[PDB]
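Novice:
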Amino acid sequence: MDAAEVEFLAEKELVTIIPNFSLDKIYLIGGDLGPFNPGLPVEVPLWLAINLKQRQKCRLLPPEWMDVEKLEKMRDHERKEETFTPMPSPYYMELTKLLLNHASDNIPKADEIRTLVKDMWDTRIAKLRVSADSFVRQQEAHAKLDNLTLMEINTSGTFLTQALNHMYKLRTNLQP
Amino acid sequence: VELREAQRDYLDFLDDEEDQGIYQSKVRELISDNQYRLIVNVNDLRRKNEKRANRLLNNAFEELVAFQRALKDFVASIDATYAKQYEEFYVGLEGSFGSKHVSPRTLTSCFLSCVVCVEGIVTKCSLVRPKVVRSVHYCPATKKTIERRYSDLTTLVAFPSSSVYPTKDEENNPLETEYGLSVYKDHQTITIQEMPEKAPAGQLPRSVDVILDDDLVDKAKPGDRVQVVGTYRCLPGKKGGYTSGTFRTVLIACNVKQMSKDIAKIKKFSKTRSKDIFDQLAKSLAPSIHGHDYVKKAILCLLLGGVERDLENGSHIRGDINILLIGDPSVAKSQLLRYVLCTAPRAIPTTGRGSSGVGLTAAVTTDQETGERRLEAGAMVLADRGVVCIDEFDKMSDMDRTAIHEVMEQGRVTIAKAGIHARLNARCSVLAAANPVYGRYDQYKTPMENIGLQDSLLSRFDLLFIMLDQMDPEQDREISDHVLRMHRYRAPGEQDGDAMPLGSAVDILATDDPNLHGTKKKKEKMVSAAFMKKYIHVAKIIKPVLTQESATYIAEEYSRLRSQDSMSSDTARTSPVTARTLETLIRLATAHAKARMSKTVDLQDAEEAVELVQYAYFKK
Amino acid sequence: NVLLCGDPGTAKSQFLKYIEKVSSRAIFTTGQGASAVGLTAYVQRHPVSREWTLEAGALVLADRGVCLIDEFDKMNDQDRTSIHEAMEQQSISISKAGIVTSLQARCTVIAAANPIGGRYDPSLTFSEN
Amino acid sequence: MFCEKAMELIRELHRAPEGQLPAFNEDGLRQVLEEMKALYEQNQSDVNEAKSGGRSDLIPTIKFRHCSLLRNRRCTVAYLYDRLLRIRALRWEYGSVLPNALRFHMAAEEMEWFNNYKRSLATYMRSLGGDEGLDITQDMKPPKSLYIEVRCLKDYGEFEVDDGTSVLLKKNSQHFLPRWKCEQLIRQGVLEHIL
Amino acid sequence: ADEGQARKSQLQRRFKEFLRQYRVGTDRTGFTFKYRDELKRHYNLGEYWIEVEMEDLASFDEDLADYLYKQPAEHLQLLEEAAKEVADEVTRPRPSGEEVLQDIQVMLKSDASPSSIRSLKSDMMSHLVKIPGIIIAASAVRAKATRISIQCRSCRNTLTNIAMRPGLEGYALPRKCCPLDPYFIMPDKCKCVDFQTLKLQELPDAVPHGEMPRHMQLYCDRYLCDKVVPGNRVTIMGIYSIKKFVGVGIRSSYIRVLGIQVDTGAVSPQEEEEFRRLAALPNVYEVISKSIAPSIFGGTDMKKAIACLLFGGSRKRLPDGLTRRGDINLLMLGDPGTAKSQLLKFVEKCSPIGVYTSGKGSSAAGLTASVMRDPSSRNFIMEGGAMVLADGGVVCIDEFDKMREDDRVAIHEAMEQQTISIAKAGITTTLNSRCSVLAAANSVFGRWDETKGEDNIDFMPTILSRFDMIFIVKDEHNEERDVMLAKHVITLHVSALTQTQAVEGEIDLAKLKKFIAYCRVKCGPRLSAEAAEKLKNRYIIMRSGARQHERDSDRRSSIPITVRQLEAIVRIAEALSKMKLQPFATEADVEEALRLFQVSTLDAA
Amino acid sequence: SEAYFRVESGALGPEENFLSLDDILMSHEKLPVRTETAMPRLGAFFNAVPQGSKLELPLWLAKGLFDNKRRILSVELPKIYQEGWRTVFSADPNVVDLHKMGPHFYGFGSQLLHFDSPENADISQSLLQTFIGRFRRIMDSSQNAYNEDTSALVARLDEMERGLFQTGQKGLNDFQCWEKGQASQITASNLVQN
Ligand SMILES: Nc1ncnc2c1ncn2[C@@H]1O[C@H](COP(=O)(O)OP(=O)(O)NP(=O)(O)O)[C@@H](O)[C@H]1O
Ligand SMILES: Nc1ncnc2c1ncn2[C@@H]1O[C@H](COP(=O)(O)OP(=O)(O)NP(=O)(O)O)[C@@H](O)[C@H]1O
Ligand SMILES: Nc1ncnc2c1ncn2[C@@H]1O[C@H](COP(=O)(O)OP(=O)(O)NP(=O)(O)O)[C@@H](O)[C@H]1O
Ligand SMILES: [Mg+2]
Ligand SMILES: [Mg+2]
Ligand SMILES: [Mg+2]
Ligand SMILES: [Zn+2]
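Residue numbers (the entry's author numbering), protein chains in the order written: chain E, 1 to 176; chain 3, 10 to 271, 281 to 533, 552 to 656; chain 2, 518 to 646; chain D, 1 to 195; chain 5, 21 to 197, 207 to 274, 285 to 303, 312 to 652; chain F, 2 to 47, 58 to 205.
(1) At which residues does the alpha helix (DSSP H) containing residue 123 (chain 3) begin and terminate?
(2) Around the Cβ of residue 129 (chain 3), are there at least 16 other Cβ atoms within 10 angstroms (buried) or fewer (exposed)?
(3) Going along the stretch 10-26 of chain E in order, which residues come within less than 9 angstroms of chain D, judged by CB to CB distance?
(4) Please identify, using Cβ separations under 8 angstroms, the residues of the stretch 103-128 of chain E that lie next to chain 5, in order along the chain.
(5) Between residue 640 (chain 2) and ligand 2, is there a pair consisting of the residue's CB and a ligand heavy atom that are separated by less than 7 angstroms?
(6) Could you name the residues that DSSP lists as bridge partners for residue 100 (chain 3)?
(7) Mind listing which residues of the stretch 448-479 of chain 3 have their C-beta closer than 7 angstroms to chain 5's C-betas, in chain order?
(8) Which residues count as close to ligand 7 when the rule is a CB under 6 angstroms from any of its heavy atoms, in chain order?
(9) Less than 7 angstroms between the CB of residue 529 (chain 2) and some heavy atom of ligand 5, yes or no?
(10) How about residue 113 (chain F): is its C-beta nearer than 8 angstroms to some C-beta of chain E?
(11) For the stretch 458-465 of chain 5 against the stretch 482-499 of chain 5, do three or more pairs of beta-carbon atoms, one drawn from each stretch, fall closer than 8 angstroms, so that the two count as touching?
(12) Classify residue 153 (chain 3): buried if its beta carbon has 16 or more other beta carbons within 10 angstroms, exposed otherwise.
(13) What are the uninterrupted segments assigned as beta strand (DSSP E) that are 3 or more residues long and contained completely in the stretch 353-379 of chain 3, given in chain order?
(14) Mind checking the stretch 177-203 of chain F against chain 5 and listing, in chain order, the residues whose C-beta falls within less than 7 angstroms of any C-beta there?
(15) Within 10 Å of its beta-carbon, does residue 355 (chain 3) have 16 or more other beta-carbons around it, so buried, or fewer, so exposed?
(16) What do you get for residue 96 (chain F), buried or exposed, if any count of 16 or more other CB atoms within 10 angstroms of its CB means buried?
(17) Which of the residues in the stretch 24-50 of chain 5, read from start to end, lie with their CB under 7 angstroms from any CB of chain E?
(18) What's the C-alpha gap between residue 591 (chain 5) and residue 609 (chain 5)?
(19) Between residue 142 (chain D) and chain E, is there a C-beta pair that is closer than 8 angstroms?
(20) Curious, which full-length alpha helix (DSSP H) runs of at least 4 residues does the stretch 101-166 of chain 5 contain?
(21) Look at the alpha carbon of residue 159 (chain D) and the alpha carbon of residue 195 (chain D), and state the distance between them as a whole number of angstroms.
(22) If you count every other CB in all the chains shown that lies within 10 Å of the CB of residue 446 (chain 3), and 16 or more means buried, which is it?
(23) So is residue 72 (chain 5) in contact with chain F if we call contact Cβ pairs under 8 angstroms?
(24) From what residue to what residue does the alpha helix (DSSP H) around residue 626 (chain 3) run?
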């Protein structure tokens, strides 16, 4: 699986937009959306939000968790804990990239938000590195990774799974 | 305060009586041999205690004093009185040290306080001097004796003690030193240099200072290729009240191995299985070089040598064999020298324009440990009981060849410089290579004019070979075929399009891990290089003796050669046959007997030796 | 670069002396008085350090001036051939005693000489005499 | 040793990890097949000699040549199969009609296999729906925008957008068109997606 | 003082936020935290250094950049501590055995125009300076303490973790605990780093007219050690400062290096793709030949020989341990005014390692190696000559015939065996000289005189045999060539003003240099079997021809034909293959090698 | 997507993959043996090869000739799998050059267990511990060596470890291209070179 595909799944997440156009309810296959009333918030999937923002048809509102105080608390909790902590969104990195790259004008203090999300990303990838090293050193049979996100797993998981396949075959080659 | 745990670990490791008894047996051998350092393999320490092995290699000084105290406890338990007979028992480490295997170049500052194994070539050694570790003193005014330990930054504990002795006051009474009851240890400093071929590109070889103590001082001389295991440390150079951060660094050695010096039953069986093994060895001498069969036989004779006689009258007959190769450009003379440098033990390279009479024999140099000046050995002194290869020998200065004359004639060199007047041993075989005058050999000139060297010098060589770039088409065919085959060769442990890597350190254990014919070809069963090295190393020692039949045949054929000189052409004789030629005949026959491992110089040896002399004297 | 060839009593040396006087950074040398090493550059034990040091010769001291070589025909060949690199490539490259470097010698060489036998004969070409 | 000519086929393919297709090694294939023929003839002579004459010491060398034959078969079959894998990737990475510079590298039987594979794939794609099937060769990357701006790299002919509407693909001309219409030409290198 | 500590903490926090917050890119494409990611990847690789650009720091916070320019000694410590803590928060949690945090060396670089050694006046003291030069000497790596612990000698009390000032300046030990000097430095309980002093010679372009080249002492620290070797050309960014241990109030000066930039081997993947494309395109041989000395009209076969010399053959170590040289030795005898010296001056510039020497300006010791007494130690030490300085490269010996015979004799070992065996002053070693010798010379009689034949060459057969290819480049008069050559020369002189534009079907000099380095390190070819058979047969025919010519003349030819010439053809073919990164030399490669050697053999007829 | 993928190596399993080029090249590597009975007609290769002859021949051929009764030949380990080199690996696995010590170190070692040597357990444990020791350096180098010369990092690795290194590098490059937005562009395939 590619990072673009993980972004494709991340684009299904719901975000709130303020349209500058009028449109009645539209019945999409994945779920009806709207009605789109000018100047009023409406919740839509992230791909449609980014598309309308690109076409100058709405203002994006940040999610409730894109807040400097909340993100600082989450970052400090992540650095304080040893296990992966529950993240505000299951696709927080991709949400941050899309929303801040396309709507930094709408989202206040986007620099702080981006830096805090990067801090959490660095901490959690370091934790994943430690988990992989502990797995291979202790010859564990399985691991528990409850609060990892899909992008975090996808970044390093192909290498880790291939290495563990090799390790399993090496430790089991005396089967008779 | 915490080192008792490490001492307990090392004492538990040493007490091998429970399971395998390896190291209790080694300590017992140490006691029986009256030695006072134990040789410990860190691989065994890994197998029994990986944690302690890592701590030892990364925290060397504290771990080593713990190990030495554990060894003293164990040797006291085995034999208490013997434990009192020595001040302290050392431990020298061997085995595999992982990433700590370094060269003098890669031995950077991050290795400080770690056990490191440094491979390199010894460039110089300081003179052995005693070093006080504990001095005992007696008070006549009190009839009482006192003691003082001494330490410096070199010692493992590393506290600097005051250098002076208690002198005129203890109890405000005069003391005097009991030298006999005091204990001193030998101290020596050597310098280990990087292997010259392994330097990166234009970088000159780097070096590191090494300190040897107690029984290690004898185990290295200049020119030796050694592996030194020790601990790397910095020595602060304080002025007193001020210092620059720049500290010199040393390697306090705990073990030294001669990596190039060094079963016979299979050799003594192979000399029976093979038929005329001298021929097979000579053919297999330098596989990359085609032809020159008689020259290869002469080189093998040079490698094996005769036996040096001491006569009842006190005179001695030189046993080494000296060979001079004269010939055209591109006829593999330099390559034969290079093969001899690779194959022989203690073979010194030299080239005519890049050497001097001083550097060939000995030079006065200041020992910076003290400032006093001493002799530092030159090429032919380093080559003692070995070989010296001199390329471009016709390009030497006459004053430089004056040095070679004494070495070849008498096996010594006389020196009178600094405070020293001495006859240094330079008992080495000379394998010299030269071009004739005018570059290329001239058929229309006598050999004595093609050969620009003086007849006095030429008399000192046992065999003189003239080898020519004769452009015969069949000889060119076979030579070119061999050359192109060699250039087509690639090693099995190398990928199909690799450029060979420039040199870097690749030795990762103190002892070689993978422990007779070539397999590729059918013709004549070529001998492998490693087996040839081992066989020559064994066969040099046999020391055969003449027999009546071989002596009679040598005398008869020498008389024929002498009488043949009566009508032989003076314009084209290679060198005049004399008693020196007879000495050459005896030495070559002895060398052939050594090759056969026969213990008696037989008529076969005489026949081959005099055939070689006939070829060298009366064939181009 | 200029070469003044001809018979005696024709003010060639006088021309060189004039050029020495008028031009800045000029130097003058003659025949056997010059040397290869002095013309190009010389390596010496430094007086107080006693380590090898490279030092400027004639064509380096005149690096942006004129080097005047009087009686040029009467130099030794080893002295005369030393100025080839300086005269065309305008550098002096030295590989001596551990020093391996190239100095700048962007110098105009003006030389004076006599032909063979002193007197120029019109019966022969310039190369022939 | 016998096998080295077969190893050259293997080393030829292993020395190109990028998946590009080398020229078919017809001469090497002929040589390894000839070697197998010679080995089989020797093996048959030796085995019938041993069985008829009751001579027992031949059996080790019989097994030697048998294993050598099986080795030759394994090497050549692996060579052909890996070439098939490389050829199969071309239909997806480039398209149906391969360029002639690449088609010159393929054997005639390789083109036969490729045409059969293309027909089978098109049959499978048609059978996925009631009418017109589903062209699964398209939509190779996740979709970002409904329209894209494309730039013509090759001077090229008229390209139909829909029925009477078409665009001339002259070099350096720049169009704004649907992504699903432009995907194949971008993958073939006729068009460059910008932004 | 608390105010001072507050100032240091505030500046450290500002540097910390620079390393935490700096980004490059745009919202249209994306952003990467440049120095965060550099810190993370370098720490995970175990590198423990980063390279902070002064322009980036100025863009983030101009006051920090100005402070670091004016007072680098004060602020670089704060920047390094900031980098250390940023690395800690970026990398943690770390696996077992990596719990302790390591110090980070913050190197730095700049896009600013550099100064010069003679521009370094007194007012530049203690500021950041950026100067170019050539490294002429390089010390062996030595350990300098960064933190020490000192123990009282009498009562055994200890003062620990005393911070040592950076650079060559030292530290004053206290005179109070006991004796007047109570302390000794504990050799175990101190932390040290690699350091290396260098000598940076002024650029020859930068020397004013008539002056000797100045040189400046450099101090390299930690990972800057062994980042540069003698003969390299560098731009050094550092702090001009006094050493701090005739006349009275004088202090010696040196530059504390904190950034090294080699002005011209680790290639980028994009450059590797370019080099693979260059090796793959079919006319790379002609492209390289056109790229070599593009200002020189004609001489295309000599340029091809120079291409083969630059790429070189493959060194081979055979089972008995004997080594065959891959380097190609090329002599250019001929008439004057024929661009031989200019071709040498191009090759010196173009080779990855290249040393230019004048034959008349050289000596035996200076070419091979010199033995000299170390003034500060009284020992005899080794000094690399041109052939050691050019190890792994090319030696350009111009005016080669002007050397004395005893000095030409000195290079015989280094040309063929590629070693310099030394036995002088009690030091006995065998240095490496794995280099190619490109030589230029004139005829004995100035011009080549065809009536005199072999008398036009004074070189011995032994040294002539060591040259793989010998060109007798005669200057043959012809009106058409002369007209076209003069037009080329005049347009070349006119083209000294036209912006130094590139040319079609040509490789830039820098790109050609890097491509040569890449091909040298990567590819070692061999001969194909049938190609070797062809070369064998042609060698027999050639040798028979040479023998019959010598018999017909009843005189030995000056230029010999030997096994070295066979191996010369071998390594020329291997060089041609190495241009194309092919593991084997084909019959066509051997054919081109034979063609080049036939040009060089017609020149020996 | 539908990109070309080589037949995966099955060398570490009980039997190697038939169609794997890597396994074929691995099994080509030679293996010392001692012949247990004389073999006629093969003296042209090494007319009979006599009994007790030492030979080095390919691993595929050794496996073919080897029956567990040890009737035709006895199979001996290469030096790199014997106790001394196992101890060298036990010292520090990171410094040994498995590219020079047979490029398919793990695959050759795993298939070397087929001959039922008495030290099969020691060989297996040595391979496992070597991989465990080298894993962390492989992981860090592959996942942190971004956009630079990877030659020195990849030089000392065997082919399995090189595959792991390329997997890690591919993941790193994919994530970096995503983070810098270059993953969104539709591009021509590698076959545009033609
Ligand atoms: N018979 C031969 N067999 C193989 N290689 C040879 C032979 N003769 C010469 N060569 C090659 O020729 C090259 C030069 O060899 P070299 O030892 O320098 O010759 P030489 O006799 O010493 N001539 P010189 O050094 O000029 O006095 C080397 O690469 C040799 O391998
Ligand atoms: N045309 C002239 N006008 C004035 N003085 C002249 C002229 N020709 C020669 N002289 C004088 O002749 C004298 C000798 O000049 P000088 O330069 O030494 O001649 P030269 O060319 O060097 N002869 P030589 O040194 O033998 O080659 C000087 O005093 C000149 O002034
Ligand atoms: N074919 C050519 N194309 C361009 N410039 C040339 C050519 N031939 C000679 N020159 C120029 O002529 C001048 C002298 O060239 P140079 O490099 O010294 O040749 P040379 O043969 O080495 N001279 P010499 O040292 O006397 O043998 C330089 O400015 C060259 O650029
Ligand atoms: Mg030679
Ligand atoms: Mg005059
Ligand atoms: Mg010139
Ligand atoms: Zn005190």
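Where a beta carbon is used, it is the ideal one built from N, C-alpha and C, also for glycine.
Specialist: So, from the listed chains and residues:
(1) Careful: residue 123 (chain 3) lies outside any alpha helix (DSSP H) and carries neither H nor E.
(2) buried
(3) 11
(4) 104, 111, 114, 115, 118, 119, 122, 123, 126 and 127
(5) no
(6) 47 (chain 3)
(7) 453, 457 and 458
(8) 172 (chain 5), 174 (chain 5), 175 (chain 5), 177 (chain 5), 197 (chain 5), 207 (chain 5) and 211 (chain 5)
(9) yes
(10) no
(11) yes
(12) exposed
(13) 365-369
(14) 190, 191 and 192
(15) buried
(16) buried
(17) 40, 41, 47 and 50
(18) 11 angstroms
(19) yes
(20) none
(21) 22 angstroms
(22) buried
(23) no
(24) 615-632
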